[PDB]
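Everything below concerns the one structure shown next.
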Amino acid sequence: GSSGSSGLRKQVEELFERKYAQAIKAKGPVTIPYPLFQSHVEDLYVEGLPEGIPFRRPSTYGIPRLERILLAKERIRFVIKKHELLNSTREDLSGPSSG
């Protein structure tokens, strides 16, 4: 039972952020606001997703569900209609360093 080194979730986790970061040309690790997006799904929403797989924490999706998301990565896309909507919320991350 060894996990960590390369994992679907991680793959998606990095992907999700990646796409998002791309939408903001971010060469760094960014966080995806589930609320800001949930409260504003008419502005902030993920696209290119496969069928039967919405835009939610990849820490829930099934092993097979993730794979697809990775297979749709080519299509996957993050539309940031409202940018400001993002800004303002708490500011400052503060925590450990991941890379």
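In the structure tokens, chains take the letters A, B, ... in the order shown, each chain's residues start at 1, and ligands count up from 1 in the order shown.
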Please list as a ChimeraX atom specification every residue within 8 Å of region 34-43 of chain A, counting only C-alpha atoms and excluding residues in the same chain fewer than 5 positions away. /A:56-57,79-82,85-86
Could you pull out the strand (DSSP E) residues of chain A, going by DSSP on the backbone, and write them as a ChimeraX atom specification? /A:44-47,77-80
Kindly export the residues of the current selection with N, CA, C and O atoms, as a PDB file, in the first residue's frame.
```pdb
ATOM      1  N   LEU A  44     -17.094  32.141 -12.750  1.00  0.00           N
ATOM      2  CA  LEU A  44     -15.952  31.264 -12.546  1.00  0.00           C
ATOM      3  C   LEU A  44     -16.416  29.806 -12.613  1.00  0.00           C
ATOM      4  O   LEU A  44     -17.146  29.344 -11.740  1.00  0.00           O
ATOM      5  N   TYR A  45     -15.970  29.125 -13.658  1.00  0.00           N
ATOM      6  CA  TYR A  45     -16.331  27.730 -13.851  1.00  0.00           C
ATOM      7  C   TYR A  45     -15.286  27.008 -14.705  1.00  0.00           C
ATOM      8  O   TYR A  45     -14.607  27.630 -15.520  1.00  0.00           O
ATOM      9  N   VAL A  46     -15.192  25.705 -14.489  1.00  0.00           N
ATOM     10  CA  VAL A  46     -14.242  24.890 -15.228  1.00  0.00           C
ATOM     11  C   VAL A  46     -14.952  24.245 -16.420  1.00  0.00           C
ATOM     12  O   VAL A  46     -16.105  23.828 -16.311  1.00  0.00           O
ATOM     13  N   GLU A  47     -14.233  24.181 -17.531  1.00  0.00           N
ATOM     14  CA  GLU A  47     -14.779  23.592 -18.743  1.00  0.00           C
ATOM     15  C   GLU A  47     -13.822  22.535 -19.298  1.00  0.00           C
ATOM     16  O   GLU A  47     -12.744  22.317 -18.745  1.00  0.00           O
ATOM     17  N   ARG A  77     -10.484  23.289 -19.292  1.00  0.00           N
ATOM     18  CA  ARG A  77     -10.188  24.709 -19.388  1.00  0.00           C
ATOM     19  C   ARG A  77     -10.846  25.468 -18.236  1.00  0.00           C
ATOM     20  O   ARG A  77     -11.913  25.078 -17.760  1.00  0.00           O
ATOM     21  N   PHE A  78     -10.186  26.539 -17.820  1.00  0.00           N
ATOM     22  CA  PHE A  78     -10.695  27.356 -16.731  1.00  0.00           C
ATOM     23  C   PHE A  78     -11.073  28.754 -17.226  1.00  0.00           C
ATOM     24  O   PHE A  78     -10.206  29.529 -17.626  1.00  0.00           O
ATOM     25  N   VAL A  79     -12.367  29.034 -17.181  1.00  0.00           N
ATOM     26  CA  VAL A  79     -12.870  30.324 -17.619  1.00  0.00           C
ATOM     27  C   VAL A  79     -13.018  31.247 -16.408  1.00  0.00           C
ATOM     28  O   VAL A  79     -13.821  30.981 -15.514  1.00  0.00           O
ATOM     29  N   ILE A  80     -12.230  32.313 -16.416  1.00  0.00           N
ATOM     30  CA  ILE A  80     -12.263  33.277 -15.329  1.00  0.00           C
ATOM     31  C   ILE A  80     -12.995  34.536 -15.792  1.00  0.00           C
ATOM     32  O   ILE A  80     -12.372  35.569 -16.032  1.00  0.00           O
TER      33      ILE A  80
END
```
Show me, as an MDAnalysis selection string, the residues that have an atom within 9 Å of region 12-20 of chain A when counting only C-alpha atoms, minus same-chain residues fewer than 3 positions from it. chainID A and resid 7:9 23:32 46 57:59 66:67 69:70 73 76:80
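When only C-alpha atoms are used to measure the gap to residue 88 (chain A), the shortest distance among A:72, A:65, A:60, A:33 belongs to A:33.
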If you run DSSP over the backbone, which residues in chain A end up helix (DSSP H, G or I)? Put them as JSON, numbers by chain. {"A": [8, 9, 10, 11, 12, 13, 14, 15, 16, 17, 18, 19, 20, 21, 22, 23, 34, 35, 36, 37, 38, 39, 63, 64, 65, 66, 67, 68, 69, 70, 71]}
Using only N, CA and C atoms, please write the residues we just selected to a file, as a PDB file, in the first residue's frame.
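Saved result, selection_39.pdb, follows:
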```pdb
ATOM      1  N   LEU A   8      -3.376   9.987  -9.555  1.00  0.00           N
ATOM      2  CA  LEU A   8      -4.455  10.611 -10.300  1.00  0.00           C
ATOM      3  C   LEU A   8      -4.794  11.961  -9.664  1.00  0.00           C
ATOM      4  N   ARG A   9      -5.316  11.890  -8.449  1.00  0.00           N
ATOM      5  CA  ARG A   9      -5.685  13.094  -7.722  1.00  0.00           C
ATOM      6  C   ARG A   9      -4.629  14.183  -7.925  1.00  0.00           C
ATOM      7  N   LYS A  10      -3.401  13.845  -7.560  1.00  0.00           N
ATOM      8  CA  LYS A  10      -2.297  14.781  -7.695  1.00  0.00           C
ATOM      9  C   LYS A  10      -2.247  15.300  -9.134  1.00  0.00           C
ATOM     10  N   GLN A  11      -2.384  14.370 -10.069  1.00  0.00           N
ATOM     11  CA  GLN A  11      -2.356  14.717 -11.478  1.00  0.00           C
ATOM     12  C   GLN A  11      -3.409  15.784 -11.784  1.00  0.00           C
ATOM     13  N   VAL A  12      -4.616  15.537 -11.294  1.00  0.00           N
ATOM     14  CA  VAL A  12      -5.714  16.463 -11.506  1.00  0.00           C
ATOM     15  C   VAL A  12      -5.475  17.727 -10.679  1.00  0.00           C
ATOM     16  N   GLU A  13      -5.102  17.517  -9.427  1.00  0.00           N
ATOM     17  CA  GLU A  13      -4.839  18.626  -8.526  1.00  0.00           C
ATOM     18  C   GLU A  13      -3.899  19.636  -9.189  1.00  0.00           C
ATOM     19  N   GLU A  14      -2.820  19.111  -9.751  1.00  0.00           N
ATOM     20  CA  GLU A  14      -1.840  19.952 -10.416  1.00  0.00           C
ATOM     21  C   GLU A  14      -2.419  20.518 -11.714  1.00  0.00           C
ATOM     22  N   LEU A  15      -3.247  19.708 -12.358  1.00  0.00           N
ATOM     23  CA  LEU A  15      -3.872  20.115 -13.605  1.00  0.00           C
ATOM     24  C   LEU A  15      -4.846  21.263 -13.333  1.00  0.00           C
ATOM     25  N   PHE A  16      -5.812  20.986 -12.469  1.00  0.00           N
ATOM     26  CA  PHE A  16      -6.808  21.982 -12.115  1.00  0.00           C
ATOM     27  C   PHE A  16      -6.163  23.353 -11.912  1.00  0.00           C
ATOM     28  N   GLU A  17      -5.204  23.393 -11.000  1.00  0.00           N
ATOM     29  CA  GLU A  17      -4.503  24.630 -10.703  1.00  0.00           C
ATOM     30  C   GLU A  17      -3.800  25.156 -11.955  1.00  0.00           C
ATOM     31  N   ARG A  18      -3.114  24.249 -12.634  1.00  0.00           N
ATOM     32  CA  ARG A  18      -2.395  24.605 -13.847  1.00  0.00           C
ATOM     33  C   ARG A  18      -3.289  25.437 -14.768  1.00  0.00           C
ATOM     34  N   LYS A  19      -4.365  24.811 -15.219  1.00  0.00           N
ATOM     35  CA  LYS A  19      -5.305  25.479 -16.105  1.00  0.00           C
ATOM     36  C   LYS A  19      -5.643  26.857 -15.535  1.00  0.00           C
ATOM     37  N   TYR A  20      -6.083  26.855 -14.285  1.00  0.00           N
ATOM     38  CA  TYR A  20      -6.442  28.093 -13.615  1.00  0.00           C
ATOM     39  C   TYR A  20      -5.287  29.096 -13.660  1.00  0.00           C
ATOM     40  N   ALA A  21      -4.113  28.615 -13.280  1.00  0.00           N
ATOM     41  CA  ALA A  21      -2.927  29.453 -13.272  1.00  0.00           C
ATOM     42  C   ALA A  21      -2.703  30.028 -14.672  1.00  0.00           C
ATOM     43  N   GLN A  22      -2.946  29.186 -15.667  1.00  0.00           N
ATOM     44  CA  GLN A  22      -2.775  29.594 -17.051  1.00  0.00           C
ATOM     45  C   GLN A  22      -3.714  30.755 -17.381  1.00  0.00           C
ATOM     46  N   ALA A  23      -4.954  30.617 -16.933  1.00  0.00           N
ATOM     47  CA  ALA A  23      -5.955  31.643 -17.173  1.00  0.00           C
ATOM     48  C   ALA A  23      -5.474  32.968 -16.578  1.00  0.00           C
ATOM     49  N   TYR A  34     -13.355  27.025  -4.136  1.00  0.00           N
ATOM     50  CA  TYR A  34     -14.549  26.232  -4.380  1.00  0.00           C
ATOM     51  C   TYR A  34     -15.814  27.073  -4.194  1.00  0.00           C
ATOM     52  N   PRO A  35     -15.749  27.994  -3.196  1.00  0.00           N
ATOM     53  CA  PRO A  35     -16.878  28.861  -2.905  1.00  0.00           C
ATOM     54  C   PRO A  35     -17.009  29.963  -3.961  1.00  0.00           C
ATOM     55  N   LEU A  36     -15.988  30.806  -4.019  1.00  0.00           N
ATOM     56  CA  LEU A  36     -15.975  31.902  -4.974  1.00  0.00           C
ATOM     57  C   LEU A  36     -16.532  31.412  -6.312  1.00  0.00           C
ATOM     58  N   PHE A  37     -16.173  30.182  -6.653  1.00  0.00           N
ATOM     59  CA  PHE A  37     -16.627  29.588  -7.898  1.00  0.00           C
ATOM     60  C   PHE A  37     -18.057  29.062  -7.764  1.00  0.00           C
ATOM     61  N   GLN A  38     -18.330  28.470  -6.610  1.00  0.00           N
ATOM     62  CA  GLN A  38     -19.650  27.923  -6.344  1.00  0.00           C
ATOM     63  C   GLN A  38     -20.689  29.045  -6.288  1.00  0.00           C
ATOM     64  N   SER A  39     -20.329  30.107  -5.582  1.00  0.00           N
ATOM     65  CA  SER A  39     -21.216  31.250  -5.444  1.00  0.00           C
ATOM     66  C   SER A  39     -21.332  31.988  -6.778  1.00  0.00           C
ATOM     67  N   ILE A  63     -11.341   6.875  -8.954  1.00  0.00           N
ATOM     68  CA  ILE A  63     -10.084   6.581  -9.622  1.00  0.00           C
ATOM     69  C   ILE A  63     -10.282   6.676 -11.135  1.00  0.00           C
ATOM     70  N   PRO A  64     -11.417   6.091 -11.606  1.00  0.00           N
ATOM     71  CA  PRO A  64     -11.734   6.103 -13.023  1.00  0.00           C
ATOM     72  C   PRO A  64     -12.222   7.486 -13.463  1.00  0.00           C
ATOM     73  N   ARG A  65     -12.884   8.167 -12.538  1.00  0.00           N
ATOM     74  CA  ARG A  65     -13.407   9.493 -12.817  1.00  0.00           C
ATOM     75  C   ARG A  65     -12.259  10.474 -13.065  1.00  0.00           C
ATOM     76  N   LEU A  66     -11.202  10.311 -12.282  1.00  0.00           N
ATOM     77  CA  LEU A  66     -10.039  11.171 -12.406  1.00  0.00           C
ATOM     78  C   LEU A  66      -9.371  10.926 -13.760  1.00  0.00           C
ATOM     79  N   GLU A  67      -9.060   9.663 -14.011  1.00  0.00           N
ATOM     80  CA  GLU A  67      -8.421   9.282 -15.259  1.00  0.00           C
ATOM     81  C   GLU A  67      -9.020  10.073 -16.424  1.00  0.00           C
ATOM     82  N   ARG A  68     -10.337   9.984 -16.543  1.00  0.00           N
ATOM     83  CA  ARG A  68     -11.041  10.683 -17.605  1.00  0.00           C
ATOM     84  C   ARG A  68     -10.668  12.166 -17.602  1.00  0.00           C
ATOM     85  N   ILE A  69     -10.818  12.780 -16.436  1.00  0.00           N
ATOM     86  CA  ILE A  69     -10.502  14.189 -16.287  1.00  0.00           C
ATOM     87  C   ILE A  69      -9.109  14.460 -16.862  1.00  0.00           C
ATOM     88  N   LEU A  70      -8.235  13.479 -16.695  1.00  0.00           N
ATOM     89  CA  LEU A  70      -6.874  13.597 -17.190  1.00  0.00           C
ATOM     90  C   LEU A  70      -6.863  13.361 -18.701  1.00  0.00           C
ATOM     91  N   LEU A  71      -7.826  12.570 -19.151  1.00  0.00           N
ATOM     92  CA  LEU A  71      -7.938  12.258 -20.566  1.00  0.00           C
ATOM     93  C   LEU A  71      -8.630  13.418 -21.286  1.00  0.00           C
TER      94      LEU A  71
END
```
What is the distance between CA of residue 55 (chain A) and CA of residue 4 (chain A), in Å to one decimal?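 Atom-to-atom, CA of residue 55 (chain A) and CA of residue 4 (chain A) are spaced 22.7 Å apart.
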Atom pair CA of residue 98 (chain A) / CA of residue 74 (chain A): separation (Å):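 Here the two named atoms are 25.4 Å from each other.
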